[PDB]
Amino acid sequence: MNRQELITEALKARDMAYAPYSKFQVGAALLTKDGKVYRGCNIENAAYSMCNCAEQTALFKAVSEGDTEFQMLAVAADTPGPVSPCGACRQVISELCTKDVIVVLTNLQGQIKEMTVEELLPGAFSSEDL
């Protein structure tokens, strides 16, 4: 399961998205240490604040299943450049993923940006601060 394969997973996950308000579909694919893949997509709501992002859907699914050891996360959307996870998502990622987990960002035209969880949100607010 290389990153190109994980990207295809995210691309398929994107088609399951429920985004009738923004018409902006996003897909994510989370790869565990054991090699299992969890797909995620954004799910919207008439009350915009309740919208859930693809990255969080994938992470929530994994964690709810008992999987907490990850190695890579791929995210895709039809944006100009590689899709940029929103701040809230980066925060969730920084909590549920270890600092060296690889985050692969891409769009629907082959643009690819790779970075670690640490780089995604340097010095992220954490439990240690509490």
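All residue numbers are counted from 1 along the displayed sequence.
Tell me which stretch has the larger mean Cα B-factor in this entry, 52-60 or 31-39. According to the PDB entry, the answer is 31-39.
Out of 64-72 and 78-86, which one has CA B-factors that are higher on average in the deposited record? Here the higher of the two C-alpha B-factor means belongs to 64-72.
Which of these has the highest Cα B-factor in the record: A10, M115, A17, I112? Across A10, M115, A17, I112, the entry lists the biggest C-alpha B-factor for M115.
Per the coordinate record, which of the options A46, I93, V101, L105 holds the highest CA temperature factor? Out of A46, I93, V101, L105, the record gives the largest C-alpha B-factor to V101.
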